[PDB]
Amino acid sequence: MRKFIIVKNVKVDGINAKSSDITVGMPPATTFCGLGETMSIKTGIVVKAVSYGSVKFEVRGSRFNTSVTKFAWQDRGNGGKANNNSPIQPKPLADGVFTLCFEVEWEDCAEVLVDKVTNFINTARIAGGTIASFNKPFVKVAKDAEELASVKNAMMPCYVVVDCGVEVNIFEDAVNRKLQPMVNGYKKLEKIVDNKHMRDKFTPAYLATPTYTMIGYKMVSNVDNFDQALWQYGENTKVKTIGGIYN
Amino acid sequence: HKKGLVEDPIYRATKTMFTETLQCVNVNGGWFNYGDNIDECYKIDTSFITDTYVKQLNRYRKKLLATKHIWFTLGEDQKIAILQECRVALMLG
DNA sequence: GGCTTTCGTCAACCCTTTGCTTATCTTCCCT
DNA sequence: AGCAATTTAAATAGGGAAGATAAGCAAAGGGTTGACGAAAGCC
RNA sequence: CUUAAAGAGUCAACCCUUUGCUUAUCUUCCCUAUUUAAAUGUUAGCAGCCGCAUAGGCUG
């Protein structure tokens, strides 16, 4: 027995489009799983999965180059060079209207759940982008599978993410089978021995290289199983769909 | 006259027990029609205090008092069916 | 003893010019 | 002061012409976006 | 606590000019629109004269 809260038409601008070194565009499912665990921390409603779809999404720039951001002189000790233009590190920006659907388990009324999600989203930040606007979130429940599809079709219109898996690698199949690659998680390289320059000193830290899976965009109504669009934190330091690989 | 209606999806998802569902039955489930004359709707006179009404209320309340010890020994299924019978007899009367 | 400023150091490309998908709809039935 | 009738049938076919051309210029710019290493005054 | 955290792309403009889409065409034959029927619904609310009446009565 499943419960969901849907925030439709989440207009967000200033999204850090740099998903990884080789992916620029839509934020991956690690971003929205991070947003889900962020509310698990601030609001206390513990979130299993998030199904996110893109209503609108434009990467700022041309069709072959992204619009770089005019950097500001914010480091310490480079005064005197501040009159000249700051050097640009690559961070593409994008705008996006999203539709989010969080699997939550809740025991109180739907009004306080909607208010808690609204108070989170008013202080949230989708992929480094300020949430410009969002409709009032609404609670829908998936008692059975037809009710699961009711929740699924309540995200209309949006293009959700379905996992199609890795055959050999990322570049090969992106040309061959023409699917989109995105960060489904990370791979740990080395333990980090210096916790002085970090957010926490006690949380263990690892250098990571983003693993990618290959995904497709399908409209949420054309997705047969809603579990193939709900991304959640898998126990391989990755994220994964509940329904597995989309067929 | 009519049963309360619960619009809440989480409440419809989770509520199972007798009181634990009944605590979710609010005034907004059909009773609260429009709500602009609430203060006049809750200023009340007490002209019921008569002979036969008070003795009837006392004898029935003490009847309940004496029998409610078997009510807690019932199961959920019993409570639901017994209260359905009580509601049916109440609309009948 | 670092420390913060400014000047000197080291380079060298082969490019290409839209789709990705493509939207949540009535038979029985008796009141 | 509303009443205005019903069915029945609506054409078969033959044609939609080719021949010509569809300019040549000249433009299409760069201006900022550099981090380590190394002298070198300075607390 | 989401490759989290952060960032002003600004400016400027002469698309010019030129032009022959002309030419000739048989649309054409054919043929039954036929037959009915109450306009009813009171189908009219008038003309004088008795009067102060545009109140009320009478006359045919």
# chains A, B, ... in the order shown; residues from 1 in each chain; ligands from 1
>>> closest_atom_pairs(of="chain C", to="chain A", cutoff="9 Å", atoms="only C-alpha atoms (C1' of nucleotides)", output="tab-separated table")
residue	atom	partner	partner_atom	distance
C:4	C1'	A:77	CA	7.7
C:5	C1'	A:80	CA	8.4
C:6	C1'	A:80	CA	8.9
C:16	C1'	A:64	CA	8.2
C:17	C1'	A:63	CA	7.5
C:18	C1'	A:63	CA	8.7
C:20	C1'	A:217	CA	7.4
C:21	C1'	A:218	CA	6.3
C:22	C1'	A:219	CA	8.6
C:23	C1'	A:157	CA	6.3
C:24	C1'	A:153	CA	5.0
>>> write_last_selection(atoms="N, CA and C atoms (P, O5', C5', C4', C3', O3' and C1' of nucleotides)", output="mmCIF file, in the first residue's frame")
data_model
loop_
_atom_site.group_PDB
_atom_site.id
_atom_site.type_symbol
_atom_site.label_atom_id
_atom_site.label_comp_id
_atom_site.auth_asym_id
_atom_site.auth_seq_id
_atom_site.Cartn_x
_atom_site.Cartn_y
_atom_site.Cartn_z
ATOM 1 P P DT C 4 48.952 35.557 3.084
ATOM 2 O "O5'" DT C 4 48.542 36.919 2.361
ATOM 3 C "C5'" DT C 4 49.049 38.153 2.848
ATOM 4 C "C4'" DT C 4 49.771 38.906 1.746
ATOM 5 C "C3'" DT C 4 49.055 38.894 0.390
ATOM 6 O "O3'" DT C 4 48.719 40.216 -0.002
ATOM 7 C "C1'" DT C 4 51.384 38.430 0.160
ATOM 8 P P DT C 5 47.552 40.455 -1.079
ATOM 9 O "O5'" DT C 5 48.338 40.771 -2.435
ATOM 10 C "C5'" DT C 5 48.693 42.110 -2.746
ATOM 11 C "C4'" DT C 5 50.038 42.174 -3.449
ATOM 12 C "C3'" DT C 5 49.980 42.103 -4.966
ATOM 13 O "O3'" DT C 5 49.872 43.412 -5.509
ATOM 14 C "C1'" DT C 5 51.884 40.944 -4.014
ATOM 15 P P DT C 6 49.278 43.633 -6.986
ATOM 16 O "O5'" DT C 6 50.512 43.319 -7.955
ATOM 17 C "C5'" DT C 6 51.697 44.099 -7.871
ATOM 18 C "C4'" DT C 6 52.840 43.437 -8.619
ATOM 19 C "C3'" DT C 6 52.576 43.168 -10.102
ATOM 20 O "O3'" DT C 6 53.687 43.604 -10.860
ATOM 21 C "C1'" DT C 6 53.342 41.209 -9.045
ATOM 22 P P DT C 16 32.731 21.163 -39.312
ATOM 23 O "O5'" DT C 16 31.625 20.284 -38.578
ATOM 24 C "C5'" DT C 16 30.936 19.268 -39.266
ATOM 25 C "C4'" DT C 16 29.665 18.948 -38.524
ATOM 26 C "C3'" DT C 16 28.712 20.118 -38.427
ATOM 27 O "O3'" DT C 16 27.920 20.267 -39.651
ATOM 28 C "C1'" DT C 16 28.919 18.999 -36.314
ATOM 29 P P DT C 17 26.558 19.462 -39.957
ATOM 30 O "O5'" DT C 17 25.440 20.283 -39.179
ATOM 31 C "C5'" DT C 17 24.456 19.610 -38.423
ATOM 32 C "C4'" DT C 17 23.689 20.602 -37.573
ATOM 33 C "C3'" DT C 17 22.791 21.556 -38.358
ATOM 34 O "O3'" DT C 17 21.552 21.716 -37.688
ATOM 35 C "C1'" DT C 17 24.389 22.795 -37.105
ATOM 36 P P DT C 18 20.239 20.974 -38.242
ATOM 37 O "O5'" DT C 18 19.210 21.054 -37.022
ATOM 38 C "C5'" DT C 18 17.866 20.613 -37.189
ATOM 39 C "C4'" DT C 18 17.731 19.143 -36.829
ATOM 40 C "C3'" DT C 18 16.327 18.710 -36.440
ATOM 41 O "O3'" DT C 18 16.156 17.323 -36.701
ATOM 42 C "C1'" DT C 18 17.732 18.586 -34.551
ATOM 43 P P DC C 20 13.212 11.438 -32.477
ATOM 44 O "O5'" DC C 20 13.806 11.551 -30.996
ATOM 45 C "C5'" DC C 20 15.088 11.006 -30.704
ATOM 46 C "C4'" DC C 20 15.470 11.246 -29.254
ATOM 47 C "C3'" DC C 20 14.401 10.854 -28.235
ATOM 48 O "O3'" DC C 20 14.746 9.622 -27.627
ATOM 49 C "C1'" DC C 20 15.460 12.962 -27.708
ATOM 50 P P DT C 21 13.646 8.460 -27.498
ATOM 51 O "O5'" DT C 21 12.277 9.215 -27.808
ATOM 52 C "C5'" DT C 21 11.045 8.570 -27.573
ATOM 53 C "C4'" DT C 21 10.145 9.446 -26.730
ATOM 54 C "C3'" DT C 21 8.658 9.317 -27.036
ATOM 55 O "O3'" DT C 21 7.901 9.493 -25.854
ATOM 56 C "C1'" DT C 21 9.346 11.523 -27.426
ATOM 57 P P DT C 22 6.437 8.846 -25.742
ATOM 58 O "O5'" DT C 22 5.515 9.816 -26.614
ATOM 59 C "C5'" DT C 22 5.248 11.132 -26.165
ATOM 60 C "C4'" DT C 22 4.692 11.985 -27.291
ATOM 61 C "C3'" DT C 22 3.643 11.303 -28.148
ATOM 62 O "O3'" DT C 22 2.356 11.577 -27.627
ATOM 63 C "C1'" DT C 22 5.232 12.551 -29.478
ATOM 64 P P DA C 23 1.466 10.396 -27.006
ATOM 65 O "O5'" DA C 23 0.643 11.114 -25.839
ATOM 66 C "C5'" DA C 23 0.027 10.336 -24.829
ATOM 67 C "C4'" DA C 23 -0.632 11.218 -23.783
ATOM 68 C "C3'" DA C 23 -2.033 11.725 -24.140
ATOM 69 O "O3'" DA C 23 -2.889 11.554 -23.033
ATOM 70 C "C1'" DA C 23 -0.684 13.512 -23.464
ATOM 71 P P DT C 24 -4.469 11.396 -23.251
ATOM 72 O "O5'" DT C 24 -4.779 9.932 -22.697
ATOM 73 C "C5'" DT C 24 -3.864 9.295 -21.818
ATOM 74 C "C4'" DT C 24 -4.374 9.312 -20.387
ATOM 75 C "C3'" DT C 24 -5.809 9.776 -20.215
ATOM 76 O "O3'" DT C 24 -6.716 8.675 -20.395
ATOM 77 C "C1'" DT C 24 -4.362 10.713 -18.527
#
>>> interface_residues(of="chain B", to="chain A", cutoff="10 Å", atoms="only C-alpha atoms", output="NGL selection string")
:B and (7-15 or 24)
>>> write_last_selection(atoms="C-alpha atoms", output="PDB file, in the first residue's frame")
ATOM      1  CA  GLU B   7     -11.559  12.991   1.434  1.00  0.00           C
ATOM      2  CA  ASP B   8      -8.088  12.534   2.880  1.00  0.00           C
ATOM      3  CA  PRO B   9      -5.874  10.150   0.860  1.00  0.00           C
ATOM      4  CA  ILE B  10      -3.454   9.327   3.694  1.00  0.00           C
ATOM      5  CA  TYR B  11      -6.369   8.719   6.065  1.00  0.00           C
ATOM      6  CA  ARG B  12      -8.051   6.536   3.420  1.00  0.00           C
ATOM      7  CA  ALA B  13      -4.704   4.768   2.976  1.00  0.00           C
ATOM      8  CA  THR B  14      -3.966   4.004   6.625  1.00  0.00           C
ATOM      9  CA  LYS B  15      -6.996   4.183   8.930  1.00  0.00           C
ATOM     10  CA  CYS B  24     -10.523  11.467  11.205  1.00  0.00           C
TER      11      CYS B  24
END
>>> residues_around(residues="residue 28 of chain B", least_positions_apart="2", cutoff="10 Å", atoms="only C-alpha atoms (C1' of nucleotides)", output="VMD selection string")
chain B and resid 4 to 7 25 to 26 30 to 34
>>> write_last_selection(atoms="N, CA, C and O atoms", output="compact mmCIF listing (two decimals), in the first residue's frame")
# COMPACT_ATOMS: atom_id res chain seq x y z
N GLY B 4 -20.29 10.36 7.79
CA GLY B 4 -19.23 11.28 7.43
C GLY B 4 -18.35 10.74 6.32
O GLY B 4 -18.09 9.55 6.21
N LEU B 5 -17.89 11.65 5.47
CA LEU B 5 -17.12 11.29 4.29
C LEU B 5 -15.72 11.86 4.42
O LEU B 5 -15.55 13.04 4.71
N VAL B 6 -14.71 11.01 4.22
CA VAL B 6 -13.31 11.39 4.42
C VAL B 6 -12.67 11.50 3.05
O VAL B 6 -12.54 10.51 2.32
N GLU B 7 -12.25 12.72 2.69
CA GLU B 7 -11.56 12.99 1.43
C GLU B 7 -10.07 12.71 1.50
O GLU B 7 -9.41 12.69 0.46
N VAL B 25 -12.96 11.69 11.28
CA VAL B 25 -14.27 12.14 10.82
C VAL B 25 -14.46 13.55 11.37
O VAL B 25 -14.77 13.74 12.55
N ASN B 26 -14.29 14.55 10.51
CA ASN B 26 -14.38 15.94 10.90
C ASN B 26 -15.69 16.54 10.41
O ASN B 26 -16.51 15.88 9.77
N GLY B 30 -19.21 16.89 5.02
CA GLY B 30 -20.61 16.99 4.67
C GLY B 30 -21.45 17.84 5.61
O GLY B 30 -22.44 18.44 5.18
N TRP B 31 -21.08 17.88 6.89
CA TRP B 31 -21.88 18.63 7.85
C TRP B 31 -21.69 20.14 7.69
O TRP B 31 -22.66 20.90 7.72
N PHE B 32 -20.45 20.58 7.51
CA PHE B 32 -20.12 22.00 7.39
C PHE B 32 -20.46 22.46 5.98
O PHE B 32 -19.62 22.44 5.08
N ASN B 33 -21.72 22.85 5.78
CA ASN B 33 -22.19 23.28 4.47
C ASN B 33 -21.54 24.57 3.98
O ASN B 33 -20.76 24.55 3.02
N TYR B 34 -21.83 25.69 4.64
CA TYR B 34 -21.26 26.96 4.19
C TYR B 34 -20.61 27.77 5.30
O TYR B 34 -19.57 28.39 5.08
>>> residues_around(residues="residue 3 of chain C", least_positions_apart="4", cutoff="12 Å", atoms="only C-alpha atoms (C1' of nucleotides)", output="list in words")
residues 77 of chain A; 40, 41, 42 and 43 of chain D
>>> write_last_selection(atoms="N, CA and C atoms (P, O5', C5', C4', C3', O3' and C1' of nucleotides)", output="mmCIF file, in the first residue's frame")
data_model
loop_
_atom_site.group_PDB
_atom_site.id
_atom_site.type_symbol
_atom_site.label_atom_id
_atom_site.label_comp_id
_atom_site.auth_asym_id
_atom_site.auth_seq_id
_atom_site.Cartn_x
_atom_site.Cartn_y
_atom_site.Cartn_z
ATOM 1 N N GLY A 77 42.853 36.346 -1.710
ATOM 2 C CA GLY A 77 44.248 36.562 -2.014
ATOM 3 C C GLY A 77 44.539 36.988 -3.433
ATOM 4 P P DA D 40 64.430 39.896 -7.840
ATOM 5 O "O5'" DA D 40 63.457 40.406 -6.680
ATOM 6 C "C5'" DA D 40 62.112 40.767 -6.975
ATOM 7 C "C4'" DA D 40 61.386 41.181 -5.709
ATOM 8 C "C3'" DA D 40 62.302 41.508 -4.525
ATOM 9 O "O3'" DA D 40 61.840 42.671 -3.862
ATOM 10 C "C1'" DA D 40 60.711 39.928 -3.878
ATOM 11 P P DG D 41 62.888 43.785 -3.374
ATOM 12 O "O5'" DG D 41 61.971 45.037 -2.991
ATOM 13 C "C5'" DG D 41 61.668 45.310 -1.625
ATOM 14 C "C4'" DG D 41 60.168 45.354 -1.401
ATOM 15 C "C3'" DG D 41 59.735 45.729 0.008
ATOM 16 O "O3'" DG D 41 58.388 46.200 -0.026
ATOM 17 C "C1'" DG D 41 59.197 43.498 -0.360
ATOM 18 P P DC D 42 57.810 47.134 1.147
ATOM 19 O "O5'" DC D 42 56.404 46.460 1.516
ATOM 20 C "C5'" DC D 42 56.272 45.041 1.515
ATOM 21 C "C4'" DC D 42 55.756 44.542 2.852
ATOM 22 C "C3'" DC D 42 56.377 45.222 4.068
ATOM 23 O "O3'" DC D 42 55.369 45.952 4.865
ATOM 24 C "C1'" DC D 42 56.608 42.819 4.224
ATOM 25 P P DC D 43 54.300 45.251 5.857
ATOM 26 O "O5'" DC D 43 55.121 44.962 7.202
ATOM 27 C "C5'" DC D 43 54.453 44.936 8.462
ATOM 28 C "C4'" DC D 43 53.620 43.676 8.614
ATOM 29 C "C3'" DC D 43 53.503 43.153 10.037
ATOM 30 O "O3'" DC D 43 52.305 42.401 10.180
ATOM 31 C "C1'" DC D 43 54.789 41.649 8.750
#
>>> residues_around(residues="residue 39 of chain E", least_positions_apart="3", cutoff="12 Å", atoms="only C-alpha atoms (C1' of nucleotides)", output="NGL selection string")
(:D and (2-4)) or (:E and (43))
>>> select_by_dssp(residues="chain B", states="alpha helix (DSSP H)", output="VMD selection string")
chain B and resid 9 to 14 18 to 22 38 to 41 51 to 67 76 to 92
>>> write_last_selection(atoms="C-alpha atoms", output="mmCIF file, in the first residue's frame")
data_model
loop_
_atom_site.group_PDB
_atom_site.id
_atom_site.type_symbol
_atom_site.label_atom_id
_atom_site.label_comp_id
_atom_site.auth_asym_id
_atom_site.auth_seq_id
_atom_site.Cartn_x
_atom_site.Cartn_y
_atom_site.Cartn_z
ATOM 1 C CA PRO B 9 -5.874 10.150 0.860
ATOM 2 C CA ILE B 10 -3.454 9.327 3.694
ATOM 3 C CA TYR B 11 -6.369 8.719 6.065
ATOM 4 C CA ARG B 12 -8.051 6.536 3.420
ATOM 5 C CA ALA B 13 -4.704 4.768 2.976
ATOM 6 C CA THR B 14 -3.966 4.004 6.625
ATOM 7 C CA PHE B 18 -12.681 1.880 15.184
ATOM 8 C CA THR B 19 -11.655 5.063 17.010
ATOM 9 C CA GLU B 20 -8.494 5.481 14.974
ATOM 10 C CA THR B 21 -10.621 5.970 11.853
ATOM 11 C CA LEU B 22 -13.352 7.837 13.776
ATOM 12 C CA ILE B 38 -21.826 29.402 13.315
ATOM 13 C CA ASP B 39 -22.171 31.520 16.472
ATOM 14 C CA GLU B 40 -25.953 31.463 16.152
ATOM 15 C CA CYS B 41 -25.740 27.738 15.359
ATOM 16 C CA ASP B 51 -39.448 14.990 34.222
ATOM 17 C CA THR B 52 -39.745 12.112 31.766
ATOM 18 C CA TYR B 53 -36.838 13.153 29.518
ATOM 19 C CA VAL B 54 -34.420 13.306 32.460
ATOM 20 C CA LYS B 55 -35.544 9.957 33.918
ATOM 21 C CA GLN B 56 -35.409 8.324 30.463
ATOM 22 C CA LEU B 57 -31.891 9.696 29.916
ATOM 23 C CA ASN B 58 -30.857 8.533 33.389
ATOM 24 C CA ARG B 59 -32.238 5.008 32.986
ATOM 25 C CA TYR B 60 -30.657 4.539 29.553
ATOM 26 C CA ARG B 61 -27.317 6.013 30.608
ATOM 27 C CA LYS B 62 -27.149 3.700 33.578
ATOM 28 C CA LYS B 63 -28.121 0.800 31.339
ATOM 29 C CA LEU B 64 -25.142 1.646 29.158
ATOM 30 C CA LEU B 65 -23.012 2.125 32.278
ATOM 31 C CA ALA B 66 -23.871 -1.386 33.451
ATOM 32 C CA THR B 67 -23.276 -3.096 30.095
ATOM 33 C CA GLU B 76 -13.273 -4.765 15.696
ATOM 34 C CA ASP B 77 -15.632 -6.755 13.469
ATOM 35 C CA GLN B 78 -18.181 -6.935 16.293
ATOM 36 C CA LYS B 79 -18.056 -3.233 17.075
ATOM 37 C CA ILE B 80 -18.597 -2.314 13.405
ATOM 38 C CA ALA B 81 -21.552 -4.682 12.925
ATOM 39 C CA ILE B 82 -23.147 -3.799 16.274
ATOM 40 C CA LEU B 83 -22.873 -0.075 15.570
ATOM 41 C CA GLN B 84 -24.333 -0.638 12.089
ATOM 42 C CA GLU B 85 -27.304 -2.363 13.752
ATOM 43 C CA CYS B 86 -27.581 0.503 16.247
ATOM 44 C CA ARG B 87 -27.530 3.096 13.457
ATOM 45 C CA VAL B 88 -30.172 1.167 11.482
ATOM 46 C CA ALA B 89 -32.441 0.944 14.543
ATOM 47 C CA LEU B 90 -31.828 4.638 15.251
ATOM 48 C CA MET B 91 -32.922 5.722 11.768
ATOM 49 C CA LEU B 92 -35.858 3.305 12.068
#
>>> atom_distance(atom1="atom CA of residue 201 of chain A", atom2="atom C1' of residue 4 of chain E")
16.2 Å
>>> closest_residue(among="A:58, A:238, A:89, A:44", to="residue 72 of chain A", atoms="only C-alpha atoms")
A:89
>>> interface_residues(of="chain E", to="chain A", cutoff="12 Å", atoms="only C-alpha atoms (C1' of nucleotides)", output="ChimeraX atom specification")
/E:1-10
>>> select_by_dssp(residues="segment 81-234 of chain A", states="strand (DSSP E or B)", output="MDAnalysis selection string")
chainID A and resid 93:104 125:126 129:133 138:142 159:163 180:191 206:219 231:234
>>> atom_distance(atom1="atom CA of residue 182 of chain A", atom2="atom CA of residue 53 of chain A")
14.2 Å
>>> residues_around(residues="segment 25-28 of chain D", least_positions_apart="4", cutoff="12 Å", atoms="only C-alpha atoms (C1' of nucleotides)", output="ChimeraX atom specification")
/E:15-17
>>> write_last_selection(atoms="N, CA and C atoms (P, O5', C5', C4', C3', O3' and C1' of nucleotides)", output="PDB file, in the first residue's frame")
ATOM      1  P     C E  15      20.102  46.628 -43.749  1.00  0.00           P
ATOM      2  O5'   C E  15      20.992  45.356 -44.103  1.00  0.00           O
ATOM      3  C5'   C E  15      20.540  44.339 -45.017  1.00  0.00           C
ATOM      4  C4'   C E  15      20.932  44.714 -46.424  1.00  0.00           C
ATOM      5  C3'   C E  15      19.768  44.984 -47.371  1.00  0.00           C
ATOM      6  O3'   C E  15      20.089  46.112 -48.166  1.00  0.00           O
ATOM      7  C1'   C E  15      21.239  43.452 -48.356  1.00  0.00           C
ATOM      8  P     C E  16      19.228  47.445 -48.046  1.00  0.00           P
ATOM      9  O5'   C E  16      19.182  47.966 -49.550  1.00  0.00           O
ATOM     10  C5'   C E  16      18.902  47.052 -50.625  1.00  0.00           C
ATOM     11  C4'   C E  16      20.095  46.930 -51.544  1.00  0.00           C
ATOM     12  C3'   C E  16      19.757  46.934 -53.026  1.00  0.00           C
ATOM     13  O3'   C E  16      19.839  48.253 -53.552  1.00  0.00           O
ATOM     14  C1'   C E  16      21.488  45.340 -52.483  1.00  0.00           C
ATOM     15  P     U E  17      18.516  49.135 -53.719  1.00  0.00           P
ATOM     16  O5'   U E  17      18.521  49.499 -55.270  1.00  0.00           O
ATOM     17  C5'   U E  17      17.776  48.701 -56.204  1.00  0.00           C
ATOM     18  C4'   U E  17      18.704  48.078 -57.215  1.00  0.00           C
ATOM     19  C3'   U E  17      18.038  47.184 -58.243  1.00  0.00           C
ATOM     20  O3'   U E  17      17.365  47.931 -59.244  1.00  0.00           O
ATOM     21  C1'   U E  17      19.976  46.116 -57.406  1.00  0.00           C
TER      22        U E  17
END
>>> closest_residue(among="A:54, A:213, A:236, A:228", to="residue 168 of chain A", atoms="only C-alpha atoms")
A:213
>>> decode(residues="segment 7-48 of chain E", atoms="C-alpha atoms (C1' of nucleotides)", output="PDB file, in the first residue's frame")
ATOM      1  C1'   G E   7      28.971  34.363 -10.339  1.00  0.00           C
ATOM      2  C1'   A E   8      26.029  41.073 -15.125  1.00  0.00           C
ATOM      3  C1'   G E   9      28.006  39.050 -21.546  1.00  0.00           C
ATOM      4  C1'   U E  10      27.748  43.414 -22.917  1.00  0.00           C
ATOM      5  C1'   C E  11      28.241  46.749 -27.406  1.00  0.00           C
ATOM      6  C1'   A E  12      27.723  47.966 -32.787  1.00  0.00           C
ATOM      7  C1'   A E  13      25.249  47.859 -37.492  1.00  0.00           C
ATOM      8  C1'   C E  14      22.293  50.405 -45.142  1.00  0.00           C
ATOM      9  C1'   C E  15      21.239  43.452 -48.356  1.00  0.00           C
ATOM     10  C1'   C E  16      21.488  45.340 -52.483  1.00  0.00           C
ATOM     11  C1'   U E  17      19.976  46.116 -57.406  1.00  0.00           C
ATOM     12  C1'   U E  18      18.023  44.294 -62.309  1.00  0.00           C
ATOM     13  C1'   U E  19      13.968  41.829 -64.493  1.00  0.00           C
ATOM     14  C1'   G E  20       8.275  40.046 -71.093  1.00  0.00           C
ATOM     15  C1'   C E  21       5.355  33.314 -68.664  1.00  0.00           C
ATOM     16  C1'   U E  22       4.172  33.540 -72.719  1.00  0.00           C
ATOM     17  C1'   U E  23       1.641  30.172 -76.317  1.00  0.00           C
ATOM     18  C1'   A E  24      -3.595  26.929 -78.556  1.00  0.00           C
ATOM     19  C1'   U E  25      -7.660  24.621 -76.589  1.00  0.00           C
ATOM     20  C1'   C E  26     -15.740  21.636 -78.837  1.00  0.00           C
ATOM     21  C1'   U E  27     -17.551  19.465 -71.993  1.00  0.00           C
ATOM     22  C1'   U E  28     -21.570  16.719 -74.066  1.00  0.00           C
ATOM     23  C1'   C E  29     -24.695  13.979 -74.550  1.00  0.00           C
ATOM     24  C1'   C E  30     -29.785  11.347 -71.761  1.00  0.00           C
ATOM     25  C1'   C E  31     -34.339  12.340 -69.063  1.00  0.00           C
ATOM     26  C1'   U E  32     -42.055  11.622 -66.158  1.00  0.00           C
ATOM     27  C1'   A E  33     -41.385  14.397 -59.609  1.00  0.00           C
ATOM     28  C1'   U E  34     -45.336  12.275 -59.186  1.00  0.00           C
ATOM     29  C1'   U E  35     -51.108  11.082 -55.955  1.00  0.00           C
ATOM     30  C1'   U E  36     -53.810  13.117 -51.812  1.00  0.00           C
ATOM     31  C1'   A E  37     -55.923  16.886 -48.520  1.00  0.00           C
ATOM     32  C1'   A E  38     -62.224  20.454 -43.902  1.00  0.00           C
ATOM     33  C1'   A E  39     -57.959  24.910 -41.414  1.00  0.00           C
ATOM     34  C1'   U E  40     -60.198  23.972 -37.223  1.00  0.00           C
ATOM     35  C1'   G E  41     -59.698  26.121 -32.452  1.00  0.00           C
ATOM     36  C1'   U E  42     -67.333  29.939 -30.808  1.00  0.00           C
ATOM     37  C1'   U E  43     -62.748  33.301 -35.008  1.00  0.00           C
ATOM     38  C1'   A E  44     -65.734  37.650 -32.999  1.00  0.00           C
ATOM     39  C1'   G E  45     -65.537  40.626 -29.063  1.00  0.00           C
ATOM     40  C1'   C E  46     -69.796  45.086 -32.447  1.00  0.00           C
ATOM     41  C1'   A E  47     -73.452  49.340 -33.965  1.00  0.00           C
ATOM     42  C1'   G E  48     -77.188  53.271 -30.250  1.00  0.00           C
TER      43        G E  48
END
